[PDB]
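Reviewing the structure listed below.
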Amino acid sequence: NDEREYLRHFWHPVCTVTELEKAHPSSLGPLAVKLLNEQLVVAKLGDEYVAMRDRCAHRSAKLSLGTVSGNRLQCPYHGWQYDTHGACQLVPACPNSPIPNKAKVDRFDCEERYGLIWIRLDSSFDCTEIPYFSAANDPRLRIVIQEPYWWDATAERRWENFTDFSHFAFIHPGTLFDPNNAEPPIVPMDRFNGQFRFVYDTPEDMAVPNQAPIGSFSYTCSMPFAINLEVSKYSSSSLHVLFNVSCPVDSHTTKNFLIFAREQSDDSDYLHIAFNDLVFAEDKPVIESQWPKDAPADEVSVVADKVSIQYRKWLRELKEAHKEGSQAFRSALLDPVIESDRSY
Amino acid sequence: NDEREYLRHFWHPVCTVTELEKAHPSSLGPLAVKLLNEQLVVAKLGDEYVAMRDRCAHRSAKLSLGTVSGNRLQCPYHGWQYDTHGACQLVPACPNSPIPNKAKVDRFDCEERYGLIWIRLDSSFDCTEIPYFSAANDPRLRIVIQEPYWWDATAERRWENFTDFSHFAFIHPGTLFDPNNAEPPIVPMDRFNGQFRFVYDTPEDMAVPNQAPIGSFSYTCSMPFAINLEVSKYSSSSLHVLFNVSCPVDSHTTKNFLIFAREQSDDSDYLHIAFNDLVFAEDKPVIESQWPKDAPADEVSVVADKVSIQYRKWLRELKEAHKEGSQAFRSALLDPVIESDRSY
Amino acid sequence: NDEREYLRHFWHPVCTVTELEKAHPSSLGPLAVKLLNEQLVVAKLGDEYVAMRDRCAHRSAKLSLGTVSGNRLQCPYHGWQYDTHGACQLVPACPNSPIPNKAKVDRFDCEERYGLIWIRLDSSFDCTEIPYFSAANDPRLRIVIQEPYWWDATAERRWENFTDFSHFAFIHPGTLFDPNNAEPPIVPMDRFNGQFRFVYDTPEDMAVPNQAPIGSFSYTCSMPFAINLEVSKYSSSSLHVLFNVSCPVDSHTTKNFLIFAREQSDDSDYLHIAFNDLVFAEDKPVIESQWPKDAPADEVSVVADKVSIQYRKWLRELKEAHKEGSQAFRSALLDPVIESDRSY
Amino acid sequence: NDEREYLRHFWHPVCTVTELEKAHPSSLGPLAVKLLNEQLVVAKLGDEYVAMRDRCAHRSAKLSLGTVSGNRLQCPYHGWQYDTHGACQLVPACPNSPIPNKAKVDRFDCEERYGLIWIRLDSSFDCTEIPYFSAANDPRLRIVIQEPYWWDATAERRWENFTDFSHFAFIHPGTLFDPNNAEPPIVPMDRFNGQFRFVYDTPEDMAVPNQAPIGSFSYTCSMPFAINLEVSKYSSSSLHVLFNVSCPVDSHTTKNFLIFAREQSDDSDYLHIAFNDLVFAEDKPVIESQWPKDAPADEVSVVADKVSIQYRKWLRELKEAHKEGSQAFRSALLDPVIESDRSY
Amino acid sequence: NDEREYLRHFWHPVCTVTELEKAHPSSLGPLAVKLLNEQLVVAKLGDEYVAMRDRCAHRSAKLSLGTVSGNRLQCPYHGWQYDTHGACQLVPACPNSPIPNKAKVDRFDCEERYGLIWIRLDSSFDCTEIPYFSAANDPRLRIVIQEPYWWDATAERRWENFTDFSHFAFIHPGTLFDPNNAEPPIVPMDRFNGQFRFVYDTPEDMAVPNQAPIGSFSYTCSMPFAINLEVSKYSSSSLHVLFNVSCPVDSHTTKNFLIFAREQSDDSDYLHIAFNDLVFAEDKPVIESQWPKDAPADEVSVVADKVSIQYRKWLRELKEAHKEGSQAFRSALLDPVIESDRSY
Ligand SMILES: Cn1c(=O)c2[nH]cnc2n(C)c1=O
Ligand SMILES: Cn1c(=O)c2[nH]cnc2n(C)c1=O
Ligand SMILES: Cn1c(=O)c2[nH]cnc2n(C)c1=O
Ligand SMILES: Cn1c(=O)c2[nH]cnc2n(C)c1=O
Ligand SMILES: Cn1c(=O)c2[nH]cnc2n(C)c1=O
Ligand code: FES
Ligand code: FES
Ligand code: FES
Ligand code: FES
Ligand code: FES
Ligand SMILES: [Co+2]
Ligand SMILES: [Co+2]
Ligand SMILES: [Co+2]
Ligand SMILES: [Co+2]
Ligand SMILES: [Co+2]
């Protein structure tokens with residue numbers, strides 16, 4: 001848990017709002033989720049999304065097997081009722097007696113945004129924010145939230161797969177790139193407000209389907225695991241946005257979320273969903289094969305790996321700064337480092 | 001067989017638009033569907049939804065395994081291309097030769113309405129229309145189209161299940177009615193424009209969930225299988241509309257569609273979907289147990305069965321009038337028969 | 001397993017007699033069983049039930065894959081024949097050679113009582129007895145031995161679930177308690193002859209099925225894992241006895257046994273079996289959810305938890321006394337500690 | 001772990017040539033295989049069978065999901081191509097740049113012999129050879145390579161099962177021996193050229209099928225896991241050879257190979273395959289039951305266990321000599337030790 | 001059964017010799033097979049392959065559940081023994097009494113050829129022969145018998161699929177033909193000795209794999225269901241032969257056999273097997289979709305359908321001639337009808 005501890009300071013998606021509403025017939029939850037190997041429960045208490053450890057203080061039953069009752073989450077075993085702060089406010093067996101001081105469960109940051117539920121396990125450094133999705137509140141764009149997809153691969157390896165262009169000719173030859181353009185350009189990369197920003201111009205006139213988001217690629221990557229990709233498409237001259245983020249469920253699993261938005265929206269959502277699913281099915285077996293799950297020091301990079309080289313370097317900086325404490329981590333995350341000629 | 005020929009003259013839903021778009025990665029279809037034991041294929045050819053028999057004129061392959069190409073449907077076997085009228089316009093093996101006169105497949109009236117695809121197999125009487133859904137184009141109402149649900153029961157038995165309230169205390173005691181209000185009123189029923197119209201007032205103060213659409217019930221039933229139920233709810237003083245229609249797939253199977261609309265729409269869609277699904281799960285085993293599948297003459301009615309009795313009577317009249325021809329059928333369907341004091 | 005070693009000194013049930021007879025077509029076993037993570041084999045050799053380690057001394061094959069031949073258990077691999085004392089008496093490959101003195105397997109106390117097979121792994125303290133079942137040899141009572149039921153929960157958590165008053169309202173609302181009677185009395189508890197003894201008069205006039213054993217509850221709990229509950233039922237004024245005992249199979253699993261006896265026995269055994277199975281089905285998901293599997297020090301008790309508080313206290317004293325040896329253990333188990341006004 | 005390092009110095013079979021050719025539609029591989037817990041990939045690169053670690057040096061994808069291209073193995077992820085020495089010779093993303101010095105993967109000695117693929121993980125002692133199969137290149141004999149069979153048992157326990165006849169009466173009574181000849185002779189055993197050699201004469205006139213290879217048995221066992229058994233059958237006066245060898249896949253699993261050759265070969269191959277499969281099915285549950293998987297020091301031998309005893313002794317000597325280095329190991333393996341009157 | 005009766009006069013394959021030898025551990029059978037909806041049993045009695053109705057004369061048990069005992073097939077129920085002529089020669093219950101005259105089962109023509117077992121149900125016209133396989137006894141060629149493949153399609157539709165070239169561009173675009181050459185040539189077709197003979201020159205320089213049998217195509221089709229295709233390949237300048245034959249199992253199923261032979265045989269059998277299997281997997285869903293299973297009179301042909309038009313015409317002639325009797329059928333089958341300029 002040691003090398004991963006710094007990840008607890010970020011906001012991570014754990015489920016869609018849809019999944020929470022479908023979990024229990026009340027539409028309020030509770031829903032069991034797992035984040036960085038922590039077993040948590042999510043529920044809607046009044047107007048608030050809450051996240052607690054999925055473990056009752058009394059006899060350790062799972063609260064995720066319980067029931068929302070107005071402004072309370074009720075344990076299924078002996079009916080202890082927890083408020084939005086994780087504090088027990090009713091012990092039905094002793095309704096007069098004072099409630100023990102220890103009758104509380106851990107309560108974590110939990111917020112809805114973009115149709116996903118986000119949890120931050122450690123808020124002590126008070127310097128991380130929910131990742132940036134550029135299409136939110138853009139009335140020009142129709143937004144579709146896909147169903148989550150689970151991979152037997154880590155969030156770091158998934159991020160590197162999503163931002164890697166040298167693999168398109170070998171993994172996506174029918175679908176995203178010609179098999180003949182295996183040589184990608186080396187682009188400037190900027191750190192700004194805790195995001196990696198970089199821009200690409202993919203090759204034109206490739207034998208790829210019209211629904212393929214191929215064009216001018218503008219990445220805004222909220223560290224550590226979210227990618228916002230704005231595509232000015234060549235084929236249609238219209239904006240298409242991909243927002244992909246991985247939930248690090250445990251040491252070898254990710255629950256992954258894709259939200260996409262498009263300016264030309266008279267067509268079928270399922271044209272795009274089927275295409276995204278095909279791309280993911282092409283990536284999945286190769287990424288799941290990578291072993292060990294966490295990239296060892298012995299991996300051999302080439303110059304075309306600039307994006308993942310720079311990604312790994314920043315992650316190591318954040319892990320090092322975490323050991324040094326709050327101010328060092330804030331600096332490592334939010335200090336600007338500009339390579340390009342743009343102004344922010 | 002013979003008993004069911006008259007049903008070919010009505011419009012029946014065969015799939016949702018969502019089902020069509022999901023069937024094939026192109027989002028255009030084709031999709032195989034079955035209606036009154038006919039194997040059909042639906043596809044979006046240009047701006048039109050087209051229904052054809054699912055059987056190529058060349059060597060009888062299923063066109064539903066083929067592909068939409070431009071505004072035509074291409075057979076998977078030797079690539080014959082069919083236009084919106086079912087006529088073959090390209091024989092790839094014989095590009096110069098004249099296309100055989102009989103190179104064509106049967107085409108059927110096919111329209112989208114309310115997010116469903118409707119097919120009329122026999123248009124020769126030309127007096128039937130797509131059923132009425134009251135909530136379409138009412139901006140006060142949020143509309144949800146559920147996924148279809150399949151039952152091993154006929155469309156007639158499904159219709160009678162949907163409009164019966166005698167069964168609420170026994171099939172839906174927790175969910176729609178109190179167990180001790182089993183006695184229902186007997187209301188006037190009007191025939192108008194091929195619809196059964198009748199109005200109820202279900203019992204008040206019943207211990208049923210708040211998401212239960214219980215209140216004053218106004219039915220508009222487009223013969224033979226569609227029900228439009230407008231509820232002015234007691235618990236929320238808000239309009240809730242249920243539109244239920246059965247596809248008669250064959251002699252013992254229905255593919256059933258529910259669309260629901262609601263005025264108070266700040267809550268979760270899945271609160272309502274979960275409730276509807278629970279109601280359907282309560283009905284399903286009992287309706288599927290009814291045998292023989294078609295109601296025989298030996299069933300014993302009581303006065304509380306008025307809706308069922310009058311429905312069976314009208315269906316019998318429609319079946320007999322169909323044998324007398326187009327004009328007799330038009331009168332049996334569209335002549336008014338008013339029982340209530342309502343103006344028309 | 002250092003902290004479970006004291007449990008080896010008690011008698012634990014490992015199967016029903018029916019299970020042993022059904023295991024092999026001979027009706028004599030062998031049957032593989034597991035107790036405290038020890039792999040054992042049970043068989044009927046002549047008139048005796050025998051238990052040995054399930055591991056042949058020769059080449060370590062499982063004797064449970066072998067065959068009973070009258071008064072011998074024969075290994076499946078090279079046919080070594082073990083007698084009722086675990087000693088090899090025939091090496092078929094060397095019929096004239098003397099049998100090595102090492103050719104023996106560990107043999108454990110094994111006795112039938114009440115239709116179960118009991119094993120005691122360590123008889124050195126010579127102060128433990130098979131648990132008490134009050135209905136044995138009471139000719140007024142019809143006895144039913146249920147099939148065993150397996151839970152992913154420990155024997156301690158199962159015992160505490162069975163004797164807990166406060167969960168009935170939340171886990172068993174339809175079946176054992178009204179949801180309104182959540183506040184239990186705090187009763188005197190006596191230690192006598194290695195049993196916990198306590199009485200509880202459950203609430204009257206509860207909307208609960210008539211086959212529910214609800215009434216005046218008299219518990220005789222043979223430590224560590226057996227519960228004998230005599231119910232003088234309110235609804236029928238007749239005696240109903242529940243005898244529940246958990247086999248600690250390993251650190252996270254129990255094989256549980258229920259025997260029940262009843263004075264009014266003209267009804268169906270399966271009326272009561274189905275009721276017991278419904279109660280167990282209501283408990284099972286919540287008990288299996290408790291984590292960690294062993295109750296840790298951080299659990300928060302309230303005054304209504306008296307029974308489980310006192311149970312945990314006695315188990316801890318037995319564990320500590322086992323470290324101090326035979327006499328200290330005998331005193332911790334068998335010394336009386338009287339809280340009530342009763343005489344024994 | 002440490003206990004098994006000496007086994008890396010021997011040649012072990014990992015697949016049949018048939019398995020390699022079936023793995024990929026090209027018939028060239030690649031095929032993933034596992035040997036002593038190492039994940040390897042085998043492919044036919046030009047005229048050579050090559051074994052590499054199944055892990056690309058770039059980003060650790062499995063080369064076994066890749067493709068043979070010319071005389072190289074191409075990774076599925078970014079198309080790096082590895083030559084027969086494990087060196088990367090093409091980085092498609094950086095065609096002009098120099099290939100990193102560390103762009104290479106470990107390669108292992110790999111040869112085809114007898115229709116199997118053999119791998120030696122550690123070649124530094126350079127004193128081991130591929131096991132001896134007597135029937136290779138004997139045109140009097142028809143050879144059949146069976147499909148591999150997997151057992152949840154170690155290669156040591158499998159070897160001892162194959163060379164034991166004490167068990168025939170109990171495991172194979174219908175098939176290999178009479179049940180009442182359980183007493184076997186004790187024969188001289190010779191060590192010569194890294195092989196155990198010993199000769200038997202099984203009992204005559206036994207009620208076993210004609211396809212049973214029962215007769216005069218001559219064993220040549222190439223240490224540690226290969227057995228060559230030449231049978232001069234009693235029933236047919238014809239030579240029958242069984243070659244059995246176990247791949248030690250990991251600490252508890254074997255992938256086992258049987259090749260059999262016969263002089264009288266006008267009958268069906270499947271008469272013999274069915275018989276061998278029946279024998280293996282009789283052994284399998286008993287051998288898989290042996291626990292712990294590795295034989296501990298507490299097993300009790302009898303004089304009939306001579307073959308097993310001498311096998312364990314030699315393995316112990318090889319393990320100890322390996323710790324002393326290459327010369328000590330060569331002597332322990334290849335020094336002769338003659339017990340019989342046979343000339344060498 | 002009426003329109004299919006003429007097919008009983010031909011020899012049909014029912015299993016491979018391998019399948020017969022694998023069916024029972026004796027390697028002699030019996031094996032149940034089904035041909036033209038007849039339930040038959042195949043067994044090897046001495047040197048003879050025999051086929052009988054799979055139904056004992058005594059109490060109608062299946063002989064396929066029985067045992068070969070030298071020159072007899074023994075029923076499993078009461079052990080009646082049938083000789084190679086289907087006559088019972090032993091009634092174990094009455095070993096002295098005369099055997100009833102009716103104690104016989106129907107016996108059918110049954111012969112091995114090319115590694116397949118062939119059955120002819122009706123030999124009364126004495127004019128049909130086992131189909132021609134050109135590669136048999138050609139020492140230049142290596143022969144591989146594939147495992148049978150089952151399709152939900154009739155033998156007529158399978159034959160037409162195999163000899164159809166207009167479908168390659170749509171069903172086999174990667175594998176057998178360019179998608180751009182959809183236009184096939186019209187070739188002369190000869191009837192000779194009950195075979196259709198015709199020759200094709202497929203297009204050259206197509207983007208197809210090297211193991212694809214593409215070249216000069218010489219067909220010899222033994223009516224009604226066997227195709228012998230000799231390919232003088234363009235890519236390798238070497239002979240490749242495909243022998244495909246369908247067993248008409250019942251009215252909607254075929255059990256299909258592929259044997260292939262090749263002159264250049266230093267490569268892997270599985271290169272070719274995998275390619276054939278890919279081709280079959282491409283055909284299978286489209287052919288299984290064709291409905292009704294038997295081609296109706298309403299199918300619309302084009303000039304490129306010459307082969308199947310001529311096939312259907314000959315089949316109709318054979319069906320008509322069958323009604324007229326033995327001499328008419330012999331003439332329809334064996335009279336020559338020459339279109340080309342070759343001499344036979
Ligand atoms: C990584 N990735 C994707 O996963 C994807 N899915 C659909 N377009 C996509 N694009 C353009 C992309 O770059
Ligand atoms: C038949 N029926 C239903 O199936 C249903 N489902 C949800 N409300 C429902 N109501 C009010 C109803 O009358
Ligand atoms: C724990 N428990 C049970 O498990 C049970 N099962 C049936 N009656 C029961 N009673 C009264 C009970 O207390
Ligand atoms: C161990 N073993 C076998 O596994 C076997 N299988 C077939 N004959 C066999 N024989 C003679 C044999 O000794
Ligand atoms: C029909 N057919 C096949 O099924 C086939 N399979 C492999 N080559 C093939 N060829 C050349 C072919 O014509
Ligand atoms: S375990 Fe939650 S209330 Fe007791
Ligand atoms: S079957 Fe449709 S094109 Fe031939
Ligand atoms: S392992 Fe039991 S007799 Fe050998
Ligand atoms: S992981 Fe193999 S080429 Fe990149
Ligand atoms: S049924 Fe065959 S012998 Fe009696
Ligand atoms: Co990718
Ligand atoms: Co209902
Ligand atoms: Co309970
Ligand atoms: Co054996
Ligand atoms: Co084909």
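Chains: A, B, ... in order of the structure tokens. Residues: from 1 per chain. Ligands: from 1, in order shown.
Around residue 52 (chain B), within 10 Å and counting only C-alpha atoms, the residues found are residues 32, 39, 40, 41, 42, 43, 55, 56, 63, 64, 73, 82, 84, 85, 86, 104, 105, 106, 107, 108, 109 and 110 of chain B, once anything fewer than 3 positions away on its own chain is removed.
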Please identify all protein, DNA and RNA residues within 8 Å of ligand 9, counting only C-alpha atoms and all ligand atoms, and report them as an mmCIF file with N, CA, C and O atoms, in the first residue's frame.
```
data_model
loop_
_atom_site.group_PDB
_atom_site.id
_atom_site.type_symbol
_atom_site.label_atom_id
_atom_site.label_comp_id
_atom_site.auth_asym_id
_atom_site.auth_seq_id
_atom_site.Cartn_x
_atom_site.Cartn_y
_atom_site.Cartn_z
ATOM 1 N N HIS A 167 0.981 2.591 -31.200
ATOM 2 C CA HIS A 167 0.339 1.284 -31.257
ATOM 3 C C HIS A 167 -0.816 1.208 -32.253
ATOM 4 O O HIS A 167 -1.241 0.098 -32.592
ATOM 5 N N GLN A 290 0.086 -7.322 -20.255
ATOM 6 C CA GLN A 290 1.318 -6.703 -19.770
ATOM 7 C C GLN A 290 1.624 -7.152 -18.347
ATOM 8 O O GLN A 290 0.755 -7.100 -17.469
ATOM 9 N N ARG D 55 7.657 -11.829 -22.716
ATOM 10 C CA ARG D 55 7.545 -10.491 -22.134
ATOM 11 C C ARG D 55 8.414 -9.560 -22.961
ATOM 12 O O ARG D 55 9.643 -9.686 -22.947
ATOM 13 N N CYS D 56 7.772 -8.657 -23.690
ATOM 14 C CA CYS D 56 8.493 -7.708 -24.529
ATOM 15 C C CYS D 56 9.312 -6.734 -23.683
ATOM 16 O O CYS D 56 8.867 -6.284 -22.633
ATOM 17 N N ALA D 57 10.519 -6.383 -24.164
ATOM 18 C CA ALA D 57 11.373 -5.473 -23.402
ATOM 19 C C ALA D 57 10.841 -4.048 -23.359
ATOM 20 O O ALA D 57 11.253 -3.282 -22.484
ATOM 21 N N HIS D 58 9.970 -3.669 -24.301
ATOM 22 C CA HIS D 58 9.452 -2.310 -24.432
ATOM 23 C C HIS D 58 8.464 -1.981 -23.323
ATOM 24 O O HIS D 58 8.767 -1.188 -22.425
ATOM 25 N N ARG D 59 7.260 -2.564 -23.383
ATOM 26 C CA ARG D 59 6.259 -2.286 -22.355
ATOM 27 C C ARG D 59 5.636 -3.572 -21.807
ATOM 28 O O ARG D 59 4.494 -3.564 -21.331
ATOM 29 N N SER D 60 6.372 -4.684 -21.855
ATOM 30 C CA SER D 60 6.053 -5.902 -21.112
ATOM 31 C C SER D 60 4.806 -6.630 -21.618
ATOM 32 O O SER D 60 4.256 -7.458 -20.899
ATOM 33 N N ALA D 61 4.366 -6.378 -22.853
ATOM 34 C CA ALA D 61 3.280 -7.181 -23.423
ATOM 35 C C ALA D 61 3.751 -8.607 -23.681
ATOM 36 O O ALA D 61 4.948 -8.879 -23.781
ATOM 37 N N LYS D 62 2.795 -9.545 -23.774
ATOM 38 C CA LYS D 62 3.153 -10.929 -24.081
ATOM 39 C C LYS D 62 3.412 -11.098 -25.575
ATOM 40 O O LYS D 62 2.520 -10.869 -26.404
ATOM 41 N N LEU D 63 4.639 -11.512 -25.918
ATOM 42 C CA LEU D 63 4.972 -11.843 -27.299
ATOM 43 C C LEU D 63 4.132 -12.994 -27.841
ATOM 44 O O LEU D 63 3.986 -13.111 -29.064
ATOM 45 N N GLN D 74 7.204 -10.847 -33.757
ATOM 46 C CA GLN D 74 6.766 -9.460 -33.666
ATOM 47 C C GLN D 74 5.788 -9.283 -32.503
ATOM 48 O O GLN D 74 4.786 -10.002 -32.411
ATOM 49 N N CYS D 75 6.093 -8.335 -31.615
ATOM 50 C CA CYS D 75 5.216 -8.034 -30.486
ATOM 51 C C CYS D 75 3.879 -7.473 -30.976
ATOM 52 O O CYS D 75 3.852 -6.677 -31.916
ATOM 53 N N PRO D 76 2.761 -7.829 -30.320
ATOM 54 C CA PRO D 76 1.449 -7.300 -30.737
ATOM 55 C C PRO D 76 1.226 -5.818 -30.452
ATOM 56 O O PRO D 76 0.326 -5.212 -31.055
ATOM 57 N N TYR D 77 1.973 -5.213 -29.533
ATOM 58 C CA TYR D 77 1.600 -3.889 -29.057
ATOM 59 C C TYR D 77 2.164 -2.786 -29.954
ATOM 60 O O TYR D 77 1.403 -2.015 -30.545
ATOM 61 N N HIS D 78 3.494 -2.691 -30.073
ATOM 62 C CA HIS D 78 4.057 -1.682 -30.967
ATOM 63 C C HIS D 78 4.962 -2.300 -32.028
ATOM 64 O O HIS D 78 5.748 -1.582 -32.659
ATOM 65 N N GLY D 79 4.848 -3.608 -32.258
ATOM 66 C CA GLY D 79 5.473 -4.216 -33.411
ATOM 67 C C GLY D 79 6.976 -4.381 -33.367
ATOM 68 O O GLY D 79 7.585 -4.569 -34.430
ATOM 69 N N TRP D 80 7.605 -4.328 -32.186
ATOM 70 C CA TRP D 80 9.032 -4.630 -32.122
ATOM 71 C C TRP D 80 9.264 -6.058 -32.600
ATOM 72 O O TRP D 80 8.491 -6.964 -32.283
ATOM 73 N N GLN D 81 10.338 -6.273 -33.359
ATOM 74 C CA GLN D 81 10.619 -7.587 -33.926
ATOM 75 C C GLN D 81 11.893 -8.155 -33.311
ATOM 76 O O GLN D 81 12.934 -7.493 -33.319
ATOM 77 N N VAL D 91 12.310 -1.346 -34.624
ATOM 78 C CA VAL D 91 11.410 -0.528 -33.811
ATOM 79 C C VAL D 91 10.592 0.301 -34.793
ATOM 80 O O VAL D 91 11.101 1.315 -35.306
#
```
Figure out the distance between CA of residue 175 (chain E) and CA of residue 209 (chain E), please, to one decimal in Å.
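These atoms are spaced 6.6 Å apart.
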Can you pull out the residues contacting region 146-160 of chain A? Cut-off 8 Å, using only C-alpha atoms, and skip same-chain residues under 5 positions away; I want them as a ChimeraX atom specification.
/A:15-16,225-227,246-248,251-259,273,284,287-288,290,293-295,307-308
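Residue-level contacts from chain D to chain C at 6 Å, counting only C-alpha atoms, read residues 166, 167, 182, 183, 289, 290, 291, 299 and 300 of chain D.
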At most 7 Å from ligand 13 (only C-alpha atoms and all ligand atoms): residue list as a list in words:
residues 161, 162, 167, 168, 171, 172, 279, 280, 282 and 283 of chain C
